[PDB]
Structures are given as structure tokens and as C-alpha cells.
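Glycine also receives a Cβ, built like all others from the backbone with ideal geometry; neighbour counts cover every protein chain displayed. Just so it is clear, none of the values below were taken in a lab; they were calculated from the coordinates.
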Amino acid sequence: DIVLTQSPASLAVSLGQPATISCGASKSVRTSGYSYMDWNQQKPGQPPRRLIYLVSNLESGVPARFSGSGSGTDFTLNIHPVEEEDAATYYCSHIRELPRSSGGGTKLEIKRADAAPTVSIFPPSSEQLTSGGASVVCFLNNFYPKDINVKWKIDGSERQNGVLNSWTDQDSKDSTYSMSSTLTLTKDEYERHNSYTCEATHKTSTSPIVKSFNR
Amino acid sequence: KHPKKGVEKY
Amino acid sequence: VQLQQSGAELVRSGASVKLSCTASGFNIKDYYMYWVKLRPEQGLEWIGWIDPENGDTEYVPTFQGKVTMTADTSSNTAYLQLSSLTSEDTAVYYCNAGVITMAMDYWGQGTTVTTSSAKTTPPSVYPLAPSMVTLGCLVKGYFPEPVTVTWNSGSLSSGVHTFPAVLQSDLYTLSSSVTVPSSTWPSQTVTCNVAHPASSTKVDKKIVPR
Ligand code: NA
Ligand code: NA
């Protein structure tokens, strides 16, 4: 099969600036006639979409801003200017030989003005305590960039087991990310402590944002 | 001519 | 102008399942229906095609004897049967009506197949109460995925954050935030709706102050 080598793996661009991704075929993707090279894009949690077929032909719907180029072993996809709604994973796909083959992906981040997470902490609810579990939920919304570190303190001691984190994909519309962190204990260990603290360390403030409650 | 198998149709 | 694929599937290690992909606004003998596997935090694998005009099929060597493509050009539907399932078959499966003419192209919204020998467990829905203000609900310990959270039955959607389910204890846990102006609440009820088709459960939950 043909190894398709997408470069780079990751790409962060400001709105309005240009963008270019590369694709290398380990063989020429020109049959006898035209060259069956395609580009797709998967906007976050959406089926993939085909942008470009046959190296250069724009697929109905794609804006004039996109264009792809190449021949034989080398191909690139161009954007310029870049916009919010281009956030996605780009794939080069070849059809010159069965089995047809796919690049590894190129992940497109919109780079924007840094923004700090809006944070809130939520004590376990009564309804849950009655059942034996206790979960402290901390929401960390609308921040940029993605890399963010979250830390839980129970009565002043760092705590590491029980914490599950989950990130949304980059928001096509406002270009921020968002995060849940969730400290799950047992009702008795929850009752044994007093102070619960969720601390966001991000590139924004120096020291963390820290939401908290007592009891 | 002739449409590449699996790929193209008239 | 839509391909619709069938709903999410949970099925045992060993069984078979059948995925459907139904067109509207074109016929599927004008295209090749392709199938494409997306393992979560990995690449698209191509599985092959069916030409619903001669019922020709071609599978990729990795999927032969694992995969059966069929098509019903009478109800304009394309089929992908997967056989003797394994953990490696846990993925999302898209059908693509696609053809280079001598073009134009459609994608289905995809079908999530989950290979587990575990059991349907409905969620527990927990309320999350504290310019503007943030509210949420916690959806804990259900199985399989998905669940869906809307807010006030869809009317609220602006400033809703809803996170990918995470696996732990062999069930999923997720949650949703919604941020409203603190005049709107609690002066006007904020409710979160939770659908778990797999257990046929629906939960409305009001966010009252503590
Ligand atoms: Na024709
Ligand atoms: Na895959």
C-alpha cells in the first residue's frame, strides 16, 4: 500500500493569516491519465467532508480561499485568509491504487488572544450523597489556549486519584476551549473533609484560578 | 475512454 | 440532500451487526457508496465500496472476510455488515456517496459501534447549583454511550458547554454547563433534559437553589 505522509501534525494560525499543509506519496499518485488525490476536513464532531478532488478541483460548497496543488509524489492544500470555521483535521487521501490510503491528519487550531477560564466549583448534590458516591465538579470554560493544568486540593493537600478531566474541541465560533474536572470520592471520605479547591494553572495569570467551598 | 474502477462513473 | 446512517450500536464480542445508510434527494446507483472507519484518536481507515448498479463490491485486504457490503436500490439504502466482532471494531463508521464523473459528494453522519460484553445501565442525573451565572447537571454511571443533554428542551443552547463522556468504573460519566444571566435564574426555571435512547430513559431535572 501507499504510505501518505502528512506534514505537519499540528498547525495553529490567526484569523486572516495564510495556512498550508503538505502530503507526500511513497509512490506517484498519477495513473494512466489524471491523478486521484483528495483532501478532506473533519470539523469537530462532524462527518468528514471532501474539499478537493483530483489534486485541484474544488468540491461544491468550499470557499474560493481553499486551493490544493501538486503532482506525482508532492501535494499541498492552501488556505488564505483563515477563518474560525476552518478549525478541523485535514486528511490527504489517495485513490490511485487500491487499497486507497490516508494521511495521518493535520490538526488546525485557530490562534487567538489569550483568555482565562471562567471557573466554577460544584459540591456533590444531596441526591448523590444519599446513594454513597460524591462527586465534586469543577467547570473551566472559555479559555485559550488548550494547555491548562488543573489541580485538586482537599483541606490543603493535593489530591490525585479520582480525578477525571474532559476537554471540548476548539469552538468554531468563539475559538475558545472548555474543560470539566471531576473529583469523585466516597460519602465517608467526603464527610471526613472540609475544604475543596479546584486550581487552574494556565498561561494567563501566573498563579492559579482557584474556585472553592467549605463542607 | 474508460472510468477508473471504483473511482469514477460516466 | 442527506445520507442518514442508523443509530449507535452496542454488541457483544463475537456477534455481528448491520449498519444502514439511507439516501434522500439522490439515488445510490449514481454513486459508489464507500465505508470508512474512524477509531477514536486515530486515523481514517478505508474499508472499500459497493457499486449499487451491478452490486460490485471491493473490500480492502484488511477487511476481507470481516465485512459485507450490500445495497437496496429499491429503498435507496446501503448496508455494511460486520461479522465476528472484536474490541478492534469499536469505532465510528461513515458511508460516503462519492463519484468522480466523466463530481458531487455526500457523507452520512456516521454510526458509532461499541464492542462490549457489558450491560445497558441507565444514567443517574445530578443537579449542579452554585451579571451571569453557571448551572449544570451531572450524568453519571450510564452505559452504553450516547446520552444527550439539551437545556429547556432546546430553547437554551447559547452558552451551553457539554463534554465528551469519560469511561471509568466500566460506565460513562459526563456533564453539561450552561451560563445564563443571573436575572433569568432562578426567576425563570432552568431545566436540563437527558436522553438515553439505549435504556429508553428521558430525564427532566430542575436546577433549584440549594
Ligand atoms: Na452519465
Ligand atoms: Na481507524
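Taking C:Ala23 as the residue in question, decide whether it is surrounded by 13 or more Cβ atoms within 10 Å (Cβ to Cβ) and more than 12 Å from every other protein chain (Cβ to nearest Cβ).
So C:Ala23 passes the test.
Restricting to the stretch C:82-102, what's the tally of residues that are away from ligand 1 (no atom under 16 Å from the Cβ) and closer than 23 Å to A:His94 by Cα?
Number of matching residues: 6.
Give all pairs with beta carbons closer than 9 Å in which a residue from the stretch C:87-111 that is acidic (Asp, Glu) meets a residue that is within 16 Å of ligand 1 (Cβ to nearest atom) and not in a strand (DSSP E or B); count only pairs at least 6 apart in sequence or on separate chains.
Pairs found: C:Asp105/C:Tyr31.
Does the stretch A:36-94 hold any residues that are out of contact with any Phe, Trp or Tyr (no Cβ under 8 Å at 6 or more places or on another chain) and within 17 Å of C:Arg39 (Cα to Cα), and which are they?
A:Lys43, A:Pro44, A:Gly45, A:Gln46, A:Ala88, A:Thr89
Do you know which of the residues in the stretch A:105-144 that are surrounded by fewer than 17 Cβ atoms within 10 Å (Cβ to Cβ) and within 8 Å of chain C (Cβ to nearest Cβ) is nearest to A:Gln17 (Cα to Cα)?
So, considering only residues that are surrounded by fewer than 17 Cβ atoms within 10 Å (Cβ to Cβ) and within 8 Å of chain C (Cβ to nearest Cβ), the one nearest to A:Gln17 (Cα to Cα) is A:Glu127.
Of all residues in the stretch A:83-112, how many are more than 17 Å from the chain's Cα centre (by Cα) and of a type outside the set (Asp, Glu)?
11
Look at the stretch A:1-35 and say how many of its residues are under 23 Å from A:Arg65 (Cβ atoms), outside any loop (DSSP other than H, G, I, E, B) and either of a type in the set (S, T, N, Q) or in contact with a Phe, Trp or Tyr (Cβ under 9 Å, 6 or more places away or on another chain) (or both).
Adding up the residues that qualify gives 9.
Given the residues C:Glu9, C:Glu41, which is the only one that is surrounded by fewer than 21 Cβ atoms within 10 Å (Cβ to Cβ), over 21 Å from A:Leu51 (Cα atoms), away from chain B (no Cβ under 14 Å) and away from ligand 2 (no atom under 16 Å from the Cβ)?
Matching residue, one of C:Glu9, C:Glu41: C:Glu9.
Looking at the stretch C:93-111, which of its residues are crowded, with 19+ Cβ neighbours inside 10 Å and away from chain B (no Cβ under 14 Å)?
C:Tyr93, C:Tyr94, C:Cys95, C:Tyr106, C:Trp107, C:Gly108, C:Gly110, C:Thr111
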